[PDB]
There are 2 protein chains.
Amino acid sequence: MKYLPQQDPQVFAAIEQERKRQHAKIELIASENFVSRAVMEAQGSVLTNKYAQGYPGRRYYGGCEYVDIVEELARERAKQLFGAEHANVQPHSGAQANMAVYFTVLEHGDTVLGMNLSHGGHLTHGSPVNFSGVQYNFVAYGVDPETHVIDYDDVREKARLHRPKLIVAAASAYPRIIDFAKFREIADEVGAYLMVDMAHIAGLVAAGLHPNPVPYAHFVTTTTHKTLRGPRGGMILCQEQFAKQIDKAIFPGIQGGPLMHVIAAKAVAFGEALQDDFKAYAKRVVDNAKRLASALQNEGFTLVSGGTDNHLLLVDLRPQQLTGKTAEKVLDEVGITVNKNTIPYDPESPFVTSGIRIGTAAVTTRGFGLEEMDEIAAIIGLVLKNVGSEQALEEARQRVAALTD
Amino acid sequence: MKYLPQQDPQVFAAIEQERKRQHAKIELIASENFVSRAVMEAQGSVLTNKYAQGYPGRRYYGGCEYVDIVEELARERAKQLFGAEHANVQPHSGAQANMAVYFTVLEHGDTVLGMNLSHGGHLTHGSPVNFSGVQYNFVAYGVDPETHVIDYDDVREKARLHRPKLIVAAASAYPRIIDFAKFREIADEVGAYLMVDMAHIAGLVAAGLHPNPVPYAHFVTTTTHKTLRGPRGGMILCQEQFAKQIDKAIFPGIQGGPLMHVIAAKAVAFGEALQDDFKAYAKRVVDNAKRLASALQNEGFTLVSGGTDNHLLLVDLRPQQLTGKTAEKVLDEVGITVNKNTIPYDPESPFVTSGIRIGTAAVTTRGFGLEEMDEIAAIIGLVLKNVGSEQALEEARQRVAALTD
Ligand SMILES: *Cc1c(COP(=O)(O)O)cnc(C)c1O
Ligand SMILES: *Cc1c(COP(=O)(O)O)cnc(C)c1O
């Protein structure tokens with residue numbers, strides 16, 4: 001940075017702290033990642049100066065000839081990456097991508113079937129404090145209480161009883177592969193649309209390491225950040241038949257002018273994801289998640305679903321007589337960043353929980369491999385089995401510093 | 001840029017075209033501006049890597065100590081700038097700022113009174129193709145057919161007849177000062193909330209050149225871009241009594257995680273607006289708008305409202321037997337960027353129009369002064385009075401090139 005340090009010492013100082021924090025800590029929050037310097041440069045471009053409401057070749061304002069090229073690069077690269085017939089790259093966030101799909105197919109008060117929020121469903125999948133649960137009538141399907149795998153017979157019974165206009169599949173804390181074919185079969189039985197929110201797994205889908213929901217869903221939403229390792233923002237993929245309605249839902253429906261500089265960064269991140277290197281990266285993410293899961297089990301931890309098929313895992317802490325809140329706090333003390341997370345059928349409230357969620361995308365981006373997973377699990381065991389020992393916590397602190405070098 | 005040109009030649013090439021376009025053209029679109037290098041550097045920062053859903057000191061996730069400083073800098077600077085009791089700096093856009101206020105005070109189907117969209121009201125003020133007009137029952141007040149000034153007796157009659165829960169004031173194409181005191185007096189009479197959307201005039205408010213709606217409105221929304229010359233994004237200002245509800249409306253209500261890098265850029269832009277230089281700039285904007293308005297009248301153009309009190313003007317092109325569409329297109333041919341815009345009581349549709357909207361924020365940012373306003377008006381007269389003359393258009397092209405150097 002050149003101009004910020006002189007213009008605004010206060011903002012520059014805080015950013016510099018954050019930069020250094022990102023390096024010093026072990027980032028295990030499953031939704032986190034680190035974007036490339038190219039992606040950041042695109043976001044720090046003069047493209048922020050352009051109003052481009054509308055779509056390429058169909059803009060409200062003139063002067064859009066070049067931002068049109070940028071948006072089309074993002075749309076075309078997205079379509080290659082995911083095999084979708086249409087992309088909308090304007091959503092400001094994953095929330096707004098979901099909002100727009102809901103706006104497209106639902107009237108106020110319509111019934112929607114989504115994943116139980118305590119079992120892995122997202123906030124935007126019907127929380128009563130979120131627009132989704134206020135605007136629409138959300139009903140929930142659950143996971144098996146023993147296997148913690150989605151109970152597809154429950155999805156079906158809930159669909160057949162409640163007759164949703166829309167079925168939502170996908171999750172923010174589900175460690176197994178989701179069967180989109182079964183979701184579509186259920187949707188078809190009850191004549192519901194199927195929306196898949198792949199925000200967490202989008203990078204793994206892109207790399208062929210999770211089944212693609214595109215051929216099964218009418219609508220696919222995602223964040224461009226998370227496993228996809230793009231800038232912070234949203235995207236919608238859909239069949240050609242909904243393209244016009246979806247585009248209209250985004251603008252003039254729910255947003256105004258798009259963030260053209262962010263859309264540029266999305267294009268960059270999509271270019272990166274189309275490369276062989278990114279597929280190698282994504283395999284290491286899943287490989288690291290499995291290794292970390294196995295190593296945590298070796299420490300004596302119980303894992304929700306008995307392990308992982310993707311980038312993330314949930315530790316059920318009940319055997320250690322710990323809340324997610326306590327674990328989160330003590331790990332923060334040694335420089336390891338997790339979040340407390342409800343486990344399925346959690347006896348605790350969402351503000352306390354019986355679990356922590358852990359994902360490997362961020363540490364894999366930093367170059368961590370299988371040996372590092374073994375060490376991270378070993379540190380977690382040390383900390384969580386010795387919560388009252390400052391000697392154990394200092395030892396962990398030093399081992400964390402050794403990993404971040 | 002260092003890494004983007006090598007990683008992504010295609011995206012870099014299009015950005016570079018846009019950068020050069022921004023320099024070569026005369027930007028007269030009233031919503032446009034050019035942000036500082038400091039603002040862009042903040043947006044291109046590593047802050048994009050942090051999930052910080054929630055609010056400073058009250059975050060979902062750990063590791064937010066430094067992004068908390070950034071958000072508080074933005075909130076505190078905003079409060080100084082505008083004298084508001086509370087700021088929310090998380091809105092992704094002006095649309096989402098408005099959306100959140102509507103979410104706070106209205107139920108589905110509630111009546112809202114806003115400015116007629118053909119007289120200057122915004123898309124998010126009740127367009128039937130926008131969430132506002134779909135979710136809520138919007139009624140409209142108009143301007144006087146001769147003066148083109150808001151008819152405050154119409155606002156009152158409409159309020160008293162329709163009994164809105166909410167009154168919206170503010171505009172995207174209104175060239176005069178808005179009387180917020182009268183809006184509040186009307187709101188109080190019918191027991192409605194008052195929301196002011198100051199997106200267009202926010203920079204002028206900050207500089208003391210437009211009356212501040214903060215003391216009169218329950219809620220003030222704005223874009224951080226436009227006259228305020230910030231990054232692309234939204235903001236909400238409100239009385240302390242609505243702070244908690246407004247914060248909850250933004251998250252977990254309508255958004256997910258905020259864009260912390262953009263929030264950093266907002267803080268930077270607010271710091272810039274607190275400086276004496278910015279007040280000097282904003283005076284030149286209004287001074288330039290008046291000079292340009294006078295000079296256009298000297299060319300024989302009729303202006304909606306007979307001139308301007310702010311940064312923007314509307315040319316009524318009916319006397320020249322031209323549509324806004326035709327004027328927009330021919331001006332594009334010589335390198336001057338305007339947009340067609342409905343004038344009040346326009347005999348044409350919104351896709352054709354009888355007017356062009358012009359604003360001075362962008363050219364003032366580039367250093368244009370009163371002499372440049374005289375020349376721009378002279379070029380506009382030349383072009384619009386000689387639409388069929390390629391000699392006149394080439395002469396204009398050359399005069400435009402002389403201005404952008
Ligand atoms: C993270 C996430 C979102 C939210 O996107 P934001 O950009 O934070 O609004 C939505 N759905 C799922 C499944 C997510 O994981
Ligand atoms: C530009 C504008 C908006 C829209 O903000 P976006 O950031 O484009 O969504 C809303 N209201 C008014 C009055 C505006 O001028």
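Residue numbers start from 1 in every chain, and the chains themselves are labelled A, B, ... in the order their sequence lines are given, proteins ahead of strands.
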Side-chain touch A:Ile254/B:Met99, heavy atoms, less than 4.5 angstrom: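 Yes, their side chains come closer than 4.5 Å.
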Does atom [atom1] of [X] have more than 12 heavy-atom neighbours, drawn from other residues, nucleotides or ligands, at distances under 6.0 Å?
X        : atom1 : value
B:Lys385 : NZ    : yes
B:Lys325 : NZ    : no
B:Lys283 : NZ    : no
A:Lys248 : NZ    : no

Does the side chain of [X] pick up a donor-acceptor pair with the side chain of [Y] at under 3.5 Å?
X        : Y        : value
B:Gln90  : B:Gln96  : no
B:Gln22  : B:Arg366 : no
B:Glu76  : B:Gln80  : no
B:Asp346 : B:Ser118 : no
B:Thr124 : B:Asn130 : no
A:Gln255 : B:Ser93  : no
A:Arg232 : A:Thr224 : no
B:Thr342 : B:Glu348 : no
B:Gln391 : B:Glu395 : no
B:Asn33  : B:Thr365 : yes
B:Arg176 : B:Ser305 : yes

Chi angles and distances behind the salt bridge (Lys or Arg N to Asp or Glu O under 4.0 Å) call for B:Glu32, B:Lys25: CA-CA 13 Å; B:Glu32 301 289 51; B:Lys25 306 294 184 176; over 6 Å; no
Check ion pair B:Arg399-B:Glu375 (N to O, under 4.0 angstrom):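 Yes, B:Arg399 and B:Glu375 are salt-bridged.
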Ionic contact status for A:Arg77 with B:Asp8, cut-off 4.0 Å: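 Result for this pair is yes, salt bridge flagged.
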Do [X] and [Y] make the cut of ring centroids closer than 6.0 angstrom?
X        : Y        : answer
A:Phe251 : A:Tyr60  : yes
B:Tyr345 : B:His119 : yes
B:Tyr174 : B:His200 : no

Plane angle bin for A:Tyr61 and A:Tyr51 - parallel if under 30°, tilted between 30 and 60°, otherwise perpendicular: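 Taking A:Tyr61 first and then A:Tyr51, their aromatic rings stand perpendicular (interplane angle over 60°).
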Atom pair [atom1]/[atom2] of [X] and [Y] - distance to nearest 0.5 Å:
X        : Y        : atom1 : atom2 : answer
B:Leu331 : B:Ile336 : CG    : CD1   : 5.5 Å
B:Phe12  : B:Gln17  : CZ    : CD    : 11.0 Å
B:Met115 : B:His125 : CE    : NE2   : 9.5 Å
A:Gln43  : B:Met40  : CD    : CE    : 13.5 Å
A:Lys50  : A:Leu47  : NZ    : CG    : 10.0 Å

Shortest non-hydrogen contact between A:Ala42 and A:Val268, atoms and distance: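 Scanning both residues completely, I find the closest heavy atoms to be CB-CG2, 4.0 Å.
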Cation-pi check, B:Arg229 onto B:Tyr281 ring (under 6.0 Å, within 45° of axis):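 Output yes; distance and angle both within limits.
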CA sep, side-chain torsions, deciding dist, call: B:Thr221, B:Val196, side-chain contact (heavy atoms from CB on, under 4.5 Å): CA-CA 6 Å; B:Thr221 59; B:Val196 167; over 6 Å; no
Side-chain (B:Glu328) to main-chain (B:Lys340) donor-acceptor, under 3.5 angstrom: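 Pair found, side chain donor or acceptor close to backbone of B:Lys340.
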